[PDB]
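Below: the structure, in structure tokens.
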Amino acid sequence: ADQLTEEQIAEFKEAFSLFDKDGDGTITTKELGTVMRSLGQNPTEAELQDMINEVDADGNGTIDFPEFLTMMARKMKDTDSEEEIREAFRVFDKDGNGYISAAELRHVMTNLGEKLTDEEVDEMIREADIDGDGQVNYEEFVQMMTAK
Numbered sequence: 001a002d003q004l005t006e007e008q009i010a011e012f013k014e015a016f017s018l019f020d021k022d023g024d025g026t027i028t029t030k031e032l033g034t035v036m037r038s039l040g041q042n043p044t045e046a047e048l049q050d051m052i053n054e055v056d057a058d059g060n061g062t063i064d065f066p067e068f069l070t071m072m073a074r075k076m077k078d079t080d081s082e083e084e085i086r087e088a089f090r091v092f093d094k095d096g097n098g099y100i101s102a103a104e105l106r107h108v109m110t111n112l113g114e115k116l117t118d119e120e121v122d123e124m125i126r127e128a129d130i131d132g133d134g135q136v137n138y139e140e141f142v143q144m145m146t147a148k
């Protein structure tokens with residue numbers, strides 16, 4: 001899933017509060033780039049003025065956390081975590097066949113540096129009939145690492 005993890009929501013909530021000097025849980029458009037830049041993102045000025053024209057639909061010129069989360073979810077799209085795991089399994093599809101040996105699959109999940117425990121993968125392997133044949137595609141194992 002591409003849902004915001006409780007952490008990503010907290011990270012943004014902290015970077016957002018960083019400019020909530022009104023104790024109202026909101027920030028001004030003048031600090032929006034600063035908030036976004038606080039997370040290490042550097043959108044151009046036009047990119048910022050473009051999202052403002054839409055967010056500035058109330059005619060007030062301010063951003064609240066909820067709407068701020070609507071911006072983060074619109075950016076963490078084209079860069080899903082899925083494209084990262086599939087691109088890793090791609091690094092493992094040296095034969096461009098779409099299939100690798102479970103070993104390479106288990107290796108793709110460990111080399112990625114994911115905090116997955118060998119036990120969690122053992123369960124993901126139960127429904128992924130990784131036997132009966134010997135090789136398995138990852139598209140199914142990719143959606144499993146994202147969120148059952």
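Numbering follows PDB author numbering, in which position 96 of the sequence shown is assigned residue number 96; successive positions increment by one, without gaps. In this text, a Cβ means the ideal position worked out from N, Cα and C, and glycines have one as well.
Local conformation of residue i per DSSP, three classes
i, result
"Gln-135", "strand"
"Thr-44", "coil"
"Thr-62", "strand"
"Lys-75", "helix"
"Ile-130", "coil"
"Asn-97", "coil"
"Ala-10", "helix"
"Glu-114", "coil"
"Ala-15", "helix"
"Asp-50", "helix"
Residue i - containing beta strand (DSSP E), residue span
i, result
"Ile-125", "Counting along the chain, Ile-125 falls outside any beta strand (DSSP E), though it belongs to the alpha helix (DSSP H) covering 118-127."
"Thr-28", "26-28"
Range covered by the alpha helix (DSSP H) that runs through residue i
i, result
"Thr-110", "102-111"
"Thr-34", "32-38"
"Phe-19", "Run containing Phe-19: none; DSSP gives neither H nor E here."
"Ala-88", "82-92"
Where residue i falls, given that 16 or more other Cβ within 10 Å makes a residue buried
i, result
"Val-91", "exposed"
"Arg-106", "buried"
"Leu-18", "exposed"
"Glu-127", "exposed"
"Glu-87", "exposed"
"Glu-45", "exposed"
Identity of the residues DSSP links to residue i by a beta bridge
i, result
"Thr-5", "According to DSSP, which records beta bridges pairwise, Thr-5 is partnered with nothing at all."
Straight-line Cα distance separating residue j from residue i
i, j, result
"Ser-81", "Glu-67", "22 Å"
"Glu-84", "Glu-119", "22 Å"
"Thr-29", "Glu-139", "40 Å"
"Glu-6", "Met-36", "18 Å"
"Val-136", "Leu-69", "37 Å"
"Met-109", "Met-71", "30 Å"
"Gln-143", "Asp-50", "33 Å"
"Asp-58", "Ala-102", "53 Å"
"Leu-4", "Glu-14", "15 Å"
"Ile-130", "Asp-64", "47 Å"
"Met-124", "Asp-22", "47 Å"
"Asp-93", "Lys-148", "24 Å"
"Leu-32", "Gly-98", "42 Å"
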